[PDB]
């Protein structure tokens, strides 16, 4: 359609994949986490789950006090849960012509190259392979210009969003990289372009 509320849909999809809301808690997402144990998680000022990727064994042990299978699952989630990075590359920042097929290359990356793209959770039993959503839209207007989904089995690749540029003057474009699988990995990067 072109409607930027696609973002909301994407967010929802993450919830479905996992089984928890976008606002509720990033930390409850992890396979076999609970509010009792989330008391001790907020103790160490853990906002994002990327904090759990940088933590080490002793702390982890202190935190979780459960059976081994659950622990293993958690570990798996952590490992295949990737720290991705967002960098774009425009062809011609001078020659911005309105109403033209303006291709824009986007080189993306992961933390660790996936052994497989096996999405894990607890509450969603049926197996899923991880997908991503590259997005481009004007935030105030809510008009989505460029979208593509990807299956990132390399550690780093380049993807081109064959999009049509907006009308004349300034346009404050913004990008996302929403994992359809996992909550709270919404990497973004806004920028300007002046069109004639």
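Taking the criterion of being assigned to a helix (DSSP H, G or I) and surrounded by 15 or more Cβ atoms within 10 Å (Cβ to Cβ), the residues of region 39-69 that qualify are 41, 50, 52, 63. The single condition from (1) under 24 Å from residue 9 (Cα atoms); (2) surrounded by 12 or more Cβ atoms within 10 Å (Cβ to Cβ); (3) in contact (Cβ under 8 Å) with a residue 24 or more places away in the chain that residue 164 fails is (2). The single residue among 114, 82 that is closer than 23 Å to residue 54 by Cα and touching a residue at least 60 places away in the same chain (Cβ under 8 Å) turns out to be 82. The strands (runs of 3 or more DSSP E) found entirely in region 86-196 that carry 1 or more residues being farther than 30 Å from residue 20 by Cα are 104-109, 156-160, 169-179, 189-195. The one condition from (1) in contact with a helix residue (DSSP H, G or I) (Cβ under 7 Å, 6 or more places away or on another chain); (2) assigned to a loop (DSSP other than H, G, I, E, B); (3) crowded, with 16+ Cβ neighbours inside 10 Å that residue 83 does not meet is (3). Scanning region 18-64 for residues that are touching a residue at least 60 places away in the same chain (Cβ under 8 Å) and either farther than 30 Å from residue 148 by Cα or in contact with a strand residue (DSSP E or B) (Cβ under 6 Å, 6 or more places away or on another chain) (or both) returns a single hit, 32. Scanning region 119-140 for residues that are free of Cβ contacts under 8 Å to residues at least 60 places away in the same chain, within 15 Å of residue 190 (Cβ to Cβ) and surrounded by fewer than 17 Cβ atoms within 10 Å (Cβ to Cβ) returns a single hit, 140.
With ideal geometry, Cβ positions are generated from the backbone for all residues, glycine too; neighbour counts draw on all protein chains shown. Every number here is computed from the coordinates shown, using simple stated rules; none is lab data.
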